[PDB]
Amino acid sequence: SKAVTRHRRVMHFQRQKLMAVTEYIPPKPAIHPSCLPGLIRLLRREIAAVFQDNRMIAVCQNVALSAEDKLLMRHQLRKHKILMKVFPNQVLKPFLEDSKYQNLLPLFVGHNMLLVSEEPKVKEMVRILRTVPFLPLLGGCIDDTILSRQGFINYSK
Amino acid sequence: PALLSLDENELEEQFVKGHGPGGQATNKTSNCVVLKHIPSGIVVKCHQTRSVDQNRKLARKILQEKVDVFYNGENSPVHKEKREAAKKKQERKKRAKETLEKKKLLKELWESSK
Amino acid sequence: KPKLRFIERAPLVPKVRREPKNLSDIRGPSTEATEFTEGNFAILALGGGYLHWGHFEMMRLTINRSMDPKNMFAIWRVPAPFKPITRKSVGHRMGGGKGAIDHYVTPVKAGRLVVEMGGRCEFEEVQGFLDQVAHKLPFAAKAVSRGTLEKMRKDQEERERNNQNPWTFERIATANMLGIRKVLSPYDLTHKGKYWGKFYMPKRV
RNA sequence: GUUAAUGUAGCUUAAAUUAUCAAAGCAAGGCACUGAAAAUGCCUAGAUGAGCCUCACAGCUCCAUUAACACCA
RNA sequence: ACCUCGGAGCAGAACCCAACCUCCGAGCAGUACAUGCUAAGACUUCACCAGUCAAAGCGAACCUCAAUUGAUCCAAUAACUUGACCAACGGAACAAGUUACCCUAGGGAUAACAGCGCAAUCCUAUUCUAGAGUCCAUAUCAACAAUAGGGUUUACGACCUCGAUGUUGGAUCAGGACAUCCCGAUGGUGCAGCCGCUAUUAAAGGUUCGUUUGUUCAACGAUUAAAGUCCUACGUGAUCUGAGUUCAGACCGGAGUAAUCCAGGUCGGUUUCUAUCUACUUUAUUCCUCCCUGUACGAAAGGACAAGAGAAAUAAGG
RNA sequence: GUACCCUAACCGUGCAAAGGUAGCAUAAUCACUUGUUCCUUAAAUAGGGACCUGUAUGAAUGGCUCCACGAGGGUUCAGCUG
RNA sequence: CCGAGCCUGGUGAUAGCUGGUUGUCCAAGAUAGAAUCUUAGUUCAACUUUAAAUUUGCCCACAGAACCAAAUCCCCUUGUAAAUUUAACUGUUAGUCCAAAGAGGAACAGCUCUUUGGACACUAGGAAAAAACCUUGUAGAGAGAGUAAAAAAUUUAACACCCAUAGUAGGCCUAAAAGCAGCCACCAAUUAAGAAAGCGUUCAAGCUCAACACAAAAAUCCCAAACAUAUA
Ligand SMILES: [Mg+2]
Ligand SMILES: [Mg+2]
Ligand SMILES: [Mg+2]
Ligand SMILES: [Mg+2]
Ligand SMILES: [Mg+2]
Ligand SMILES: [Mg+2]
Ligand SMILES: [Mg+2]
Ligand SMILES: [Mg+2]
Ligand SMILES: [Mg+2]
Ligand SMILES: [Mg+2]
Ligand SMILES: [Mg+2]
Ligand SMILES: [Mg+2]
Ligand SMILES: [Mg+2]
Ligand SMILES: [Mg+2]
Ligand SMILES: [Mg+2]
Ligand SMILES: [Mg+2]
Ligand SMILES: [Mg+2]
Ligand SMILES: [Mg+2]
Ligand SMILES: [Mg+2]
Ligand SMILES: [Mg+2]
Ligand SMILES: [Mg+2]
Ligand SMILES: [Mg+2]
Ligand SMILES: [Mg+2]
């Protein structure tokens, strides 16, 4: 048999006893290692600008709807001056204490859409809502005053 | 007049012992090819050498003469040079006539000289 | 020409004097084409072997098929086949001379870069089709990057200092400790146990 | 299969470097005109491809070509 | 084909170093004409023989080239000298074929048969997706390649046996593998059905008869559920055969002056044993007909399963 | 090397002492070879009749018909039989 | 029992070939070659043996050894006791495997050929049995002891969910090629969704993605038995 072969040639036993003694032995520690101890900053300006400016904010569960009809529910408030905003709860939920909204905080879980304005139409919006018998409106806030879905009936009538 | 080829496939080459014209080498040797054609029915054997590297490459040369008669017929390059090279035997026995006729005209004129 | 060019079977001047099977062009680390020149991705040889002309059409036809020649380009880092390899006409007894020249072959040592790639693309665009090219080579091969060739070098250099074994191969082989050079080759003083024939072992510190 | 030989103007041999004349074909040149005898030219990738020098020469890349051995158990 | 000599590589650096290993050469020519004579000391082709270099001295003067070759005896010549492609080149002074009519001595140092080694060749499986499959890599097939495994072939090798390990086919009896030809269960289908294609699992049982040929094969006729692939000293000749091969005779075609010869052909041609030892010598499948049903399936032609009844056949035991 | 329902070298030559005539023919005749074809058979590498270069047939190395004959060598009808 | 009878004689023919070669005990002892009608043999070397003579032998350090890798050669010191020369001859010159450097072959062979070195052709222990691998060589008796080499380790593949409007069938070439035959550009509507990354339609349609939102198989029959936990 030659020196360079097609197959891995067997070694001598004194060689193979040496290729066992000089194997790589890794360091083993005392204690195992693991067993021991712009996009946001612009939206850190915008919801702060939502709450400086707006008067009536309305929050909801708007993931409920189709690709055409959510453009339409956008357009059904386009005929007023109501605009509808979506924001990340990873950046909207910490702001609420920076604008001191305690009773609006245990309110933002899941998909949530603000429905801001400066004058309420929402007397007619519930009539627009009366043909989609889901999509329920939750608690709003006008000028540091919460208003629930009952609070949007006591004022809006 | 080339002999039309044969594919690399469709050739059931068996390898048997075959005829044995020898003492002990030729009973145990699978030297005889049985190179077949699958399409036609043309079965060719060969024990031409004591080696398949000249058996099989010459068995192929015989088969491309036999299956040539199948796809051409009696007008083929395998019968052209049977009727062209036995054309000469009518130009060899007729040639040999006309000189064994003029070898009596010169043999009777011989010795009828005086 | 932004593709792998055609590599011919034989040298244009055919080699007419026969050569010995000088098998120490397979054995050991490579000395030519170990580093990157004009590229970012390549196929490192983790073992020695001989590239016949069929491997050169394995490599060229399956790189020009799976590649954007507008955006990527490729370059041979081995030469065309030059080393003549004989074969005797079959059926013969031994002896009677050397055989006639059959075909040619290129010797590739371990650590050699074989085919280099480049252009505008990430490694993950090229790691796809190059790893399957590398598995059909006659040796162990591998797609590397510029970044993953140094990551394979600095990690293996880390393994030399990190290991807690007092006895390395290179210390026993040069000091001739147990009379061990009776068994070893004279090249194991310089191979240092990472090579055995044409095979390269990277699990050996 | 394996060595081994072979290649000549259109037609036959030459020539061991340098390529001939012998026929045929161009005519003209002695001769009344035809025949030679002359006096011409003429046609050879010297069957290939590369050039080692400078080569039908001395050899492969070569193409076809024929001989001959491919055995004993 | 080769045989003697030299240079280069293998054989990297003192020397040496084989090869039917790789590549080049040599069998001279040129110039002298002291290319006279002598003689310390060395070299040396692993021996001998041969072959090399050489200070000084005598006499004069003011060899080139890697090899460029041939011993002894003898023959020539008055002498000096000369004499071989003695190239089988350490050289016999001079001698070819053929043998199957053969002989003796040996050899497993050495072939054929078998075994064993190896796996180029061969077979197979995965890997890779190019390509076919109208489209679609993966129903089916599959290029260049890669990785394995097998031990059936043709090789190679020459390790056991030449004081004998007797063979092709057939007969007889078959043992075993499974890589399944049939019968069984399953997955896929370019699966409607019926047929098929492929894959996983299955070695319980089964695996025909003929004409030509010595034939295993192959072709062909008839069937079959199917007419498996191999291993067993190409299982099995102290059980058989002897057609083939393979002795002595002979013909033909050929080679050869002939004797004789040809993997040519063709007719003919003695197959021995009384068993010492081991071993051994009474442990159910399948097809068809009917039925379901001419239903389900399908546009129609076609045309199923499972369950059940009967008919046969082989096998086992009587 | 011109012969065309696959057919007039219809012409040039090389070499030799002479270039194989009649006949026969895939033969007991190198190979291809189980040549091609018809009969015979359910089926034919056998047998027989044909064709045919048979490139290695062939004329006292005797060639070709053919009568009888053969313990020759192949094929076969009918019978017949473990 | 005739390719040339049989007997007697020459004849104890010759055999480089086969087989055989007989008391006890001890010691030294193994493989460069070259010529050869020679490669089954022999002669000379080389190795070997005995006797004798003398003085260096081995191991080795600087310095040293050519231009076109391992090492060696040379070699004082040193550690050692051997070497050469002389005398007398025999035998062995048909070797193997392993490690290494190569050549041939297939980067086949228990293959063939050289080279350096081991071991075997001698003992004992181990690798199961075992010529060649490892341990160990100088002999006897012991119902003492300490050791040397010396026992194979391994067990692998799960994975996103949600959700999809739009300037337009961007233009080109095209029967029309619409995100996806092909070429250029690749901007842009809203908080966020590529002039579209795979399928798919002759073309479309449609389904998704990117986006915001929370390793195995062979022929007689498997092959020690078995075993995860008692302190080196
Ligand atoms: Mg000497
Ligand atoms: Mg002098
Ligand atoms: Mg001689
Ligand atoms: Mg000699
Ligand atoms: Mg005879
Ligand atoms: Mg032997
Ligand atoms: Mg054998
Ligand atoms: Mg040997
Ligand atoms: Mg024998
Ligand atoms: Mg015996
Ligand atoms: Mg199975
Ligand atoms: Mg047998
Ligand atoms: Mg027997
Ligand atoms: Mg008889
Ligand atoms: Mg008589
Ligand atoms: Mg005697
Ligand atoms: Mg002898
Ligand atoms: Mg003997
Ligand atoms: Mg002793
Ligand atoms: Mg000294
Ligand atoms: Mg050997
Ligand atoms: Mg002791
Ligand atoms: Mg998504």
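Throughout, chain B uses Swiss-Prot numbering, with the displayed residues spanning 50-163 in order.
Heads up, header says this was done by electron microscopy, 3.3 Å.
Any Cβ shown, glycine's included, is placed from N, Cα and C.
Of the listed residues (B:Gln73, B:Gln139), Swiss-Prot tags B:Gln73 with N5-methylglutamine; the rest carry no such note in the record, though that does not show they lack it. Counting every protein chain shown, 8 other Cβ atoms lie within 10 Å of the Cβ of B:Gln73 (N5-methylglutamine).
In the region 'Disordered' (B:122-148), the DSSP tally of helix, strand and coil residues is 9 helix, 0 strand, 18 coil. The helix, strand and coil residue counts that DSSP assigns across the region 'GGQ domain' (B:57-121) are 20 helix, 9 strand, 36 coil.
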